[PDB]
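Heads up, what comes next is one protein chain in two forms, each shown on its own as structure tokens, labelled structure 1 and structure 2.
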Structure 1
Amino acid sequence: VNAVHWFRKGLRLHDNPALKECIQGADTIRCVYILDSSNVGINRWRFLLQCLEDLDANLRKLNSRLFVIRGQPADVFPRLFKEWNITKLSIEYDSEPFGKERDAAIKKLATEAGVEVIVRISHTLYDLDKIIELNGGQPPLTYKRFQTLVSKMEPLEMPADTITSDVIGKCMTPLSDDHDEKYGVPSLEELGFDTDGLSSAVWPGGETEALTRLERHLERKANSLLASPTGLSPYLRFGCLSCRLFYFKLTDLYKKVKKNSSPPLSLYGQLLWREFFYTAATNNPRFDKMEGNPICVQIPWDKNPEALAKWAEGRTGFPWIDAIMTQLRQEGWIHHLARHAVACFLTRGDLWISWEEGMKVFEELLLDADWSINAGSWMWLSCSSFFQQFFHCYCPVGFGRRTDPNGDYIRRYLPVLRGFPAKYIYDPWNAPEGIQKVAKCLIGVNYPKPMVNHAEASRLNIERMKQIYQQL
């Protein structure tokens, strides 16, 4: 008997009930990752390749190796079933709409080919469908009802024991030679990416880095918009860190510092908010769209492709919004308050551009932008859905002025404006012609002009949205 575990969104060896279940009594095992879009989306693929090399390095310690394969799963696995005589195929359960129809089609190919399919839940805390049935066959519309539901469920089981020396147990991985250059982990330059000007990784991918950051993150629990060395959101999305392990180590550490066996749901706010959008989208194949979405308000946005280009590329004329997009493009991550700032500038604040357009921009640059979380957030940031209570739009200039008056974050990612003082660093258009020449930066030549007047554009869109909700 042979077996193959398909890796997709669980690039880790800890808490893997799908992988560990497949090696229980199989004679052969092989871990396979199927790797089948633009230029700026390089930090996304660099993160992924770092996780696969880390996943291969941890497999090398067990005298196994990772098998990276190009192509589509509907074409690759049918020939891997016969060339390897595969009997068992284990996968981590994917609740997303595209993932479910992809899994149901692959296992239909496997069941008719004599291959048994093993499915286990590891990317989420609970079984999302069990939460939907408690609500009445429909996922919760609000985060409030969602927290009421997760408290109405039996506690989670301990995460599956990590794959070690005995978990294998006389289970040979048939790593023949010629393995490299065929099943090896490609580089960024092998995918067609230009890495001549690429900087060092700010968010190093991999399972080892995730567990390292998790230990230091919990150690600092018992303002700044820069990247924190204890960030875990990209590793939760790519599956480098399991949410169930994050859950139990958050509980156990909370019981030690305190004496209360009833931790508030604010302790798992990062996981429950993450778990919420997975539940709200598993039964909604149009969750990433406005038209045809049962839980999205229809809004007549303006279609300005050139304005979307200025916003996405970080050339809007507002140093606050431009500094956020330059950090998003270069580092692949921005603060949550920064996400709220640039979303208002594009949706319900200034440009009046559809949230779907901003969803696809974050889809390529934001490292922790999962299909469920990234789609649901843009609906809430644009008041198009009702997941959480709304908030006032952020003025671009007068927002980060009190986070740091010098504009240290502005001069950080916008070196073209490094010669402006605090009275004009946030409003360079209101700067006199003399001070523009002494800084070697003229507005409209070296730095873009304000693509819109915030005073008129704000009151324009506020009245438009008043007309929308008063009509609803």
Structure 2
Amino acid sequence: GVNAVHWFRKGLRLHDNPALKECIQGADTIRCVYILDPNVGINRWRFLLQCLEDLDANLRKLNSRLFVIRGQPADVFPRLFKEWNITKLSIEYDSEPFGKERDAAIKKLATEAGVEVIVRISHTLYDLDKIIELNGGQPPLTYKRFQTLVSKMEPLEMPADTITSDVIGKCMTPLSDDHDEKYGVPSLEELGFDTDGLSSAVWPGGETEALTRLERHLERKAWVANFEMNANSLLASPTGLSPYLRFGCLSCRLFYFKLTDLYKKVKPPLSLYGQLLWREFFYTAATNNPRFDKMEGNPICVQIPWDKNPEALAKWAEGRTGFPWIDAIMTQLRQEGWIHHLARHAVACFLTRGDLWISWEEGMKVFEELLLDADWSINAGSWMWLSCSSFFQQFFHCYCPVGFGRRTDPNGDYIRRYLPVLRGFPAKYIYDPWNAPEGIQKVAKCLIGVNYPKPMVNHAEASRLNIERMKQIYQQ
């Protein structure tokens, strides 16, 4: 008699799920559980709930259900193991340090109850511990070294077979009459969110949406882009995949295999999988470093004397800096949950080494709240990279908070879109409205300093001083 539980955390999908697949074989019963207890904003929570709704719908097609349990894993699992006579628990492996800690605690609870624990890798292409072992026990802090080590790995695992009725076979899911009340997927309102002024999501969550986008994304790559940021790129794309990769609606391995297959048929260079390998790079760097998201106590982070300035930080996080390019980017972020990678560079440089001299830790927390694709490893890694705090990054140049926006969207339509208060300004002044004469401000029906703030710093001087201060941290 084998009674199994598969615990969803990431990997919110039925395709390429080796842990769920392995759990199901030889089992008599199976139940898939998600555990949630009622720094995450409404867009991230809405995405998660839509993922869980899609999972429950797809399990329903298999004569099963998703079980959503409200609580803490260490508090709910002991009695669950007992009630359901559980003998096997499966999880997709979590390389991140806090998830490792949580999973080690559950493993000991499982052992005490005589429960076998199955762990399989499917959030990353590679076994990250084997990369670290290859490198002598420390992760590589350069991309080229990472590539070299990966080229000595065994060829990659192919994705596992989707969970179907055939896979499930004679295994089944016992279902109680009270299932939809006791184990049902929560609502935003039940989590405490006012959904009064809530437009529908720019980024619908779920495996079904992810796989649809994946197909269209490949057609676009071959047919339209031919495998090769402008005003268009700043706006969300219907074939963008990154929030689905972060939540695990889309397998990174399935994506990788589909990309290689598409290229083979139609026509590979590393640029074909550039994005996916940077993902593995930061996970690898983070896995053995519990202070990866901190400056102090973080052995890979340069110690830099950042300022504490809650007023400036709040202006940055709420898009009230008086620099329209920065404010529009931070507005799209809060409203929609995604901004272009190069827009992230711009606002991150502004907050840290370029202008405000505020610690990268603070920007990382705002991004963790608002960015759908901001998993902990890549977010902390990127903020250290941008602030010149690790990965041997140097302060060569500083993004201009006027000129970069002006070069990406010369017309300023992006500004007019997210900062409609500035819609009346001509392109000559749209990125530096404080330089507009009062008469232009009067026709635009926007008095700078009254209806839209004046710039919070002088960029030419703040950047000059900042570059100086960073230079002198190092021996000249």
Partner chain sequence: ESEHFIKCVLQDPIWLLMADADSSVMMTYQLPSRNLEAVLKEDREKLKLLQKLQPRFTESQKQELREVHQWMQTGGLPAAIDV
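We call the rigid core the largest set of C-alpha positions that still match within 1.5 Å between the two forms. Structure 1 provides the reference sequence; residues are numbered from 1 along it.
- Here the chain appears twice, and structure 1 is the form deposited with the partner chain bound.
- For the set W301, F238, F387, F146, a Cα shift of at least 2 angstroms between the two structures, after rigid core superposition, holds for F387 and for no other residue.
- For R402, the Cα coordinates differ by 2 angstroms or more between the two structures after the core has been superposed.
- Summarising the core-aligned comparison between the two structures, the C-alpha atom of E101 is found to shift 1.0 Å.
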